[PDB]
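The file query_12.csv contains CSV, C-alpha atoms:
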```csv
chain,number,residue,atom,x,y,z
A,1,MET,CA,119.1,92.4,117.5
A,2,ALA,CA,116.1,90.4,116.6
A,3,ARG,CA,116.2,90.2,112.7
A,4,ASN,CA,112.7,88.7,112.2
A,5,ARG,CA,109.8,90.6,110.7
A,6,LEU,CA,107.0,92.1,112.8
A,7,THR,CA,103.3,91.1,112.9
A,8,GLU,CA,100.8,93.8,112.0
A,9,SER,CA,100.1,94.3,115.8
A,10,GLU,CA,103.8,94.6,116.6
A,11,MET,CA,104.2,97.0,113.8
A,12,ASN,CA,101.3,99.1,115.0
A,13,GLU,CA,102.7,99.1,118.5
A,14,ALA,CA,106.2,100.1,117.2
A,15,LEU,CA,104.7,103.0,115.2
A,16,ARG,CA,103.4,104.6,118.4
A,17,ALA,CA,106.9,105.7,119.4
A,18,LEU,CA,107.7,106.9,115.8
A,19,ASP,CA,106.0,110.3,115.3
A,20,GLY,CA,104.8,110.9,111.8
A,21,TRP,CA,105.3,107.2,110.7
A,22,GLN,CA,102.5,105.0,109.3
A,23,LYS,CA,102.0,101.6,107.8
A,24,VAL,CA,102.0,101.7,104.0
A,25,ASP,CA,98.5,100.9,102.8
A,26,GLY,CA,98.5,97.3,101.4
A,27,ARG,CA,102.2,96.9,102.0
A,28,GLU,CA,104.6,95.5,104.7
A,29,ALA,CA,106.4,98.7,105.1
A,30,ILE,CA,106.4,102.0,107.0
A,31,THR,CA,106.5,105.6,105.7
A,32,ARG,CA,106.8,109.2,106.7
A,33,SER,CA,106.8,112.4,104.5
A,34,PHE,CA,109.2,114.9,105.9
A,35,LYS,CA,108.8,118.6,105.0
A,36,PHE,CA,111.8,120.9,105.5
A,37,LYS,CA,112.1,124.6,105.1
A,38,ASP,CA,114.3,124.3,101.9
A,39,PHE,CA,116.3,121.9,99.8
A,40,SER,CA,119.6,122.5,101.7
A,41,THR,CA,118.0,121.3,105.0
A,42,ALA,CA,116.4,118.3,103.2
A,43,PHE,CA,119.7,117.4,101.7
A,44,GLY,CA,121.4,117.7,105.1
A,45,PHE,CA,118.8,115.2,106.4
A,46,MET,CA,119.5,112.8,103.5
A,47,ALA,CA,123.2,113.1,104.0
A,48,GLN,CA,122.9,112.2,107.7
A,49,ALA,CA,120.4,109.4,107.0
A,50,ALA,CA,122.7,108.0,104.2
A,51,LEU,CA,125.6,107.7,106.8
A,52,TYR,CA,123.3,105.6,109.0
A,53,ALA,CA,122.1,103.5,106.1
A,54,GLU,CA,125.7,102.5,105.5
A,55,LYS,CA,126.3,102.0,109.3
A,56,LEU,CA,123.4,99.5,109.3
A,57,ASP,CA,123.8,98.3,105.7
A,58,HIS,CA,120.1,99.0,105.5
A,59,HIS,CA,118.9,101.4,102.8
A,60,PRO,CA,115.6,103.3,102.5
A,61,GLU,CA,113.3,103.8,99.5
A,62,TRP,CA,113.1,107.6,99.3
A,63,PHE,CA,111.9,110.4,97.1
A,64,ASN,CA,113.0,114.1,97.2
A,65,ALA,CA,111.6,117.1,95.5
A,66,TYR,CA,113.1,120.4,96.8
A,67,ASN,CA,112.1,120.5,100.5
A,68,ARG,CA,110.1,117.3,100.7
A,69,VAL,CA,111.5,113.9,101.5
A,70,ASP,CA,109.2,110.8,101.4
A,71,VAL,CA,110.7,107.7,103.0
A,72,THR,CA,109.5,104.1,102.8
A,73,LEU,CA,111.2,101.4,104.9
A,74,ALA,CA,111.0,97.6,104.7
A,75,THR,CA,113.6,94.8,105.1
A,76,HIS,CA,114.1,92.9,101.8
A,77,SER,CA,115.8,89.8,103.2
A,78,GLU,CA,112.9,89.3,105.7
A,79,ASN,CA,110.2,90.4,103.3
A,80,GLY,CA,108.7,92.8,105.9
A,81,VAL,CA,109.2,95.3,108.6
A,82,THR,CA,112.0,94.5,111.1
A,83,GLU,CA,113.9,96.2,113.9
A,84,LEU,CA,116.3,97.7,111.2
A,85,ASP,CA,113.4,99.7,109.8
A,86,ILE,CA,112.4,100.8,113.3
A,87,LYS,CA,116.0,101.9,114.0
A,88,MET,CA,116.2,103.8,110.8
A,89,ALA,CA,112.8,105.6,111.4
A,90,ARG,CA,114.0,106.4,114.9
A,91,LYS,CA,117.3,107.9,113.7
A,92,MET,CA,115.6,109.8,110.9
A,93,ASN,CA,113.2,111.3,113.5
A,94,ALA,CA,116.2,112.3,115.6
A,95,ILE,CA,118.0,113.9,112.6
A,96,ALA,CA,114.8,115.8,111.4
A,97,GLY,CA,113.9,117.0,114.9
```
Please render this file's structure as structure tokens.
Amino acid sequence: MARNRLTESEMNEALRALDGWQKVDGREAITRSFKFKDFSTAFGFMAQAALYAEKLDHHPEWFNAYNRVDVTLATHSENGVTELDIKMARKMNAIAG
């Protein structure tokens, strides 16, 4: 796995395959706001995502309020967006359906 951070063009290209994800305005990070039918479903999503965070040792910045989960991803050690963020966004998209 390439660990390096992405250029803005590479990030833009990578986002194409990640439905609902966008670059954070003014920030080297990507984000999606998930909307579930209720808290239980949102919590299930967070539980599954948490497993993967520990699998990768790569943890999201995320906010939950009942059925909404807002996620922001960046890689601290590389001070930018890397393949780890892409992997997490991909997995989250798979979990959420």
Subject >> Spatial neighbours of residue 72 in chain A, 8 Å, only C-alpha atoms, chain gap at least 6 places, as a PyMOL selection string >> reply: chain A and resi 24+29-32+60-62
Would you save the residues of that selection, restricted to C-alpha atoms, as a CSV table (one decimal), in the frame of the given file?
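The result, written out as part.csv:
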```csv
chain,number,residue,atom,x,y,z
A,24,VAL,CA,102.0,101.7,104.0
A,29,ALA,CA,106.4,98.7,105.1
A,30,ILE,CA,106.4,102.0,107.0
A,31,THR,CA,106.5,105.6,105.7
A,32,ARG,CA,106.8,109.2,106.7
A,60,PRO,CA,115.6,103.3,102.5
A,61,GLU,CA,113.3,103.8,99.5
A,62,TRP,CA,113.1,107.6,99.3
```
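With all atoms listed in the file as the basis for measurement, A:68 is the residue among A:58, A:68, A:76, A:5 that approaches residue 96 in chain A most closely.
Shortest separation to residue 28 in chain A among A:65, A:1, A:11, A:53 occurs at residue A:11, atoms counted being only C-alpha atoms.
Minimum atom-to-atom distances from A:81, A:37, A:71, A:4 to residue 49 in chain A were compared using all atoms listed in the file, and the lowest value belongs to A:71.
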Original post:
What is the distance, in Å and to one decimal place, between CA of residue 13 in chain A and CA of residue 34 in chain A?
Top reply: 21.2 Å
Start from the incomplete input, build N, CA and C atoms for range 64-88 of chain A, and deliver everything as a short mmCIF file (atom, residue, chain, number, x, y, z; two decimals), in the frame of the given file.
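That gives us part.cif:
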```cif
data_model
loop_
_atom_site.label_atom_id
_atom_site.label_comp_id
_atom_site.auth_asym_id
_atom_site.auth_seq_id
_atom_site.Cartn_x
_atom_site.Cartn_y
_atom_site.Cartn_z
N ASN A 64 112.79 112.66 96.88
CA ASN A 64 113.00 114.10 97.20
C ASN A 64 112.56 114.98 96.10
N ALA A 65 111.90 116.07 96.47
CA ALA A 65 111.60 117.10 95.50
C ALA A 65 111.68 118.45 96.32
N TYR A 66 112.75 119.20 96.05
CA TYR A 66 113.10 120.40 96.80
C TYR A 66 113.10 120.14 98.31
N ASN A 67 112.10 120.60 99.05
CA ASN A 67 112.10 120.50 100.50
C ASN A 67 111.36 119.31 101.10
N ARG A 68 110.81 118.46 100.23
CA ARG A 68 110.10 117.30 100.70
C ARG A 68 110.93 116.03 100.52
N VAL A 69 110.93 115.20 101.56
CA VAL A 69 111.50 113.90 101.50
C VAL A 69 110.52 112.82 101.96
N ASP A 70 110.11 111.93 101.06
CA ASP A 70 109.20 110.80 101.40
C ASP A 70 110.03 109.57 101.55
N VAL A 71 109.89 108.91 102.70
CA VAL A 71 110.70 107.70 103.00
C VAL A 71 109.74 106.51 103.23
N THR A 72 110.09 105.39 102.59
CA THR A 72 109.50 104.10 102.80
C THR A 72 110.53 103.09 103.28
N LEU A 73 110.25 102.36 104.36
CA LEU A 73 111.20 101.40 104.90
C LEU A 73 110.59 100.01 105.01
N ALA A 74 111.32 99.03 104.49
CA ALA A 74 111.00 97.60 104.70
C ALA A 74 112.36 96.86 104.56
N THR A 75 112.39 95.62 105.05
CA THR A 75 113.60 94.80 105.10
C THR A 75 113.44 93.70 104.01
N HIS A 76 114.21 93.81 102.93
CA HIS A 76 114.10 92.90 101.80
C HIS A 76 114.30 91.46 102.16
N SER A 77 115.41 91.20 102.86
CA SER A 77 115.80 89.80 103.20
C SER A 77 114.76 89.12 104.09
N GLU A 78 113.98 89.87 104.86
CA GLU A 78 112.90 89.30 105.70
C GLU A 78 111.53 89.52 105.13
N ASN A 79 111.45 90.16 103.97
CA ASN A 79 110.20 90.40 103.30
C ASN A 79 109.15 91.06 104.23
N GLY A 80 109.58 92.07 104.97
CA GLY A 80 108.70 92.80 105.90
C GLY A 80 109.40 93.80 106.72
N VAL A 81 108.68 94.32 107.71
CA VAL A 81 109.20 95.30 108.60
C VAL A 81 109.92 94.63 109.78
N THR A 82 111.15 95.06 110.05
CA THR A 82 112.00 94.50 111.10
C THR A 82 112.52 95.65 111.98
N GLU A 83 113.28 95.28 113.01
CA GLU A 83 113.90 96.20 113.90
C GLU A 83 114.84 97.22 113.16
N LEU A 84 115.44 96.79 112.05
CA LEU A 84 116.30 97.70 111.20
C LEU A 84 115.47 98.89 110.70
N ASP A 85 114.23 98.66 110.30
CA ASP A 85 113.40 99.70 109.80
C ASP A 85 112.97 100.65 110.98
N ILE A 86 112.72 100.05 112.14
CA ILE A 86 112.40 100.80 113.30
C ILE A 86 113.62 101.68 113.74
N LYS A 87 114.82 101.11 113.70
CA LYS A 87 116.00 101.90 114.00
C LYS A 87 116.24 103.05 113.06
N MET A 88 116.01 102.81 111.77
CA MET A 88 116.20 103.80 110.80
C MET A 88 115.14 104.96 110.94
#
```
